[PDB]
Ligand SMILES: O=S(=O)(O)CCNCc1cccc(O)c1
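To begin, one chain is listed below as structure tokens, in the form deposited without this ligand.
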């Protein structure tokens, strides 16, 4: 249909604009759609963009509003005191503010659907909420509506929720337009989506992005596909990947690099209310925190991730057990058989399950998928599914059988309930991935796995050496391979920290010289340097000039291939805030060749200081642009759990940054 009203170029300068005469007589029927293209790069803390109200004395709670907050939250109110209805629907981190020095034109579509009794909000082509109610309130049927307003709500003849911004276009339709119709509305987005709700992963949530530029020019990304809301392990989480062959313009349909099948891949709306939001899938195995590198020797792409057994995460992993028995310099995975209270078995050569107490082999073997075989034949378990149909999270068997895996809750043989690191490889630059293999333990029989630093591993320029950063209590633990990941050794570097989440990323400043930037508990990003290709490490220093919170956030880091201001350059990506995970920046530093020190010369704001920015991935695209894939929300805040389509990709040029 055609809009019953359409106007534009409205400047909202803390002063309401009345559009009553142009709109109120046209409002008809119980279903409406509002389409609004608007900018707000200096919003007030809470402001209404559009209001429909009964403006009379005594009726201050009779109105409809579309509002936003300076946090980037968008919402609506739908209120009628005589009907006893007071609806408030919203979602944090729904908006953009600025991009490349210009206010972003956000495209908002709000559908009020009387037949399905549903209110649905889209911003920038993303469905941010969809709420069905028992008693529907048509926005046109609020008792005594007599005012239509831009940039405020008129209550008792006075302006509430005054807005600063502009509405470039606004249209109203007397119909609830379909999802299909919504998708045809042209957007002006500064970002794109690589992974998204409803894609091939069937995860509704994503966290922990990575990017890496391959020698062929293909750009590869990995991610946590998180099924049970945004929670870290314990949960159901898989590692997914996608690549671009056109410098980030388009991306492949995602595939899995590491996955478990003990729980179904379900697209679930995870509850955001204060009773249920901490609901957590508690019987599933998971992978978490991935990292990518390309190997020059084999040409293979190598991906590492943490592996969590069923119901295990950082908080409950056995810190004093590696999960392996060392026997004469060989490490064997320990197993516990159902019924036993101890681990009386090991996985030996050729996958033979060996009884340690009788020193004889059993009739059981483990294949390369870590699946259990008895007399060469595959054992199975029954898969689980999750639901909230009873009002709380329930995890239950679903009638489907899958191969029995030693990482599963239902397995006859189970691994130690602790965290591990696994690796997979791809021989076709991310078009498929091999079955994962566990890395050996690096800190002895009585220490859990170190924790992989998400992002990039480091391939050295003048050798075939690969390095992956990991952390544990009291140190960074660099994992080094000189043979395409076939064998590994550790290089430990002490850090002035107990129990820190010391997520670290590396850049090669010049041949054999590596600088590692890492998260701390001090509110400052730290660094150390190696001058022997990772064998040994310097004391720790700190960057003055970038702020983090007390708990910190992952920092991603690259060495740019081109000179900037005639100097070699490093680029960091991080929130720059003492307060929260917000105020995302790229920080460009120039290297002083005298002493390898870095002058942090340029700061580019990704978006408003108050808008969310958490974990991030950066890479130089083959065309010398910079690609950034990042969590556009505050991933620490307990108010911003379980948001869909907040991991977003942008393309920047060096001139944008300087």
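Positions refer to the first chain, counted from 1.
The same protein also exists as the form deposited with this ligand bound; that form is not shown, yet it is the one meant from here on.
When this ligand is superposed onto this form from its pose in the deposited complex, none of its atoms comes within 2.4 Å of a backbone or C-beta atom, and the site is therefore classed as open. Of the candidate stretches 135-143, 490-498, 303-311, 438-446, only 303-311 has residues with heavy atoms within 4.5 Å of this ligand in the deposited complex. In the deposited complex, this ligand lies within 4.5 Å of some heavy atom of residue 288.
Using a 4.5 Å cutoff between non-hydrogen atoms, residue 110 does not count as a contact of this ligand in the deposited complex. Residue contact check for residue 284: none of its heavy atoms lie within 4.5 Å of this ligand in the deposited complex.
For the chain shown alone, residue 451 is a contact residue for this ligand in the deposited complex, at least one non-hydrogen atom being within 4.5 angstroms. Contact annotation: of the candidates 233, 94, 201, 221, the single residue with a non-hydrogen atom within 4.5 angstroms of this ligand in the deposited complex is 233.
A heavy atom within 4.5 Å of this ligand in the deposited complex is found for exactly one of 581, 515, 465, 155: 581. Within 4.5 angstroms of this ligand in the deposited complex, the stretch 611-638 places a non-hydrogen atom from each of 615, 635, 636, taken in sequence order.
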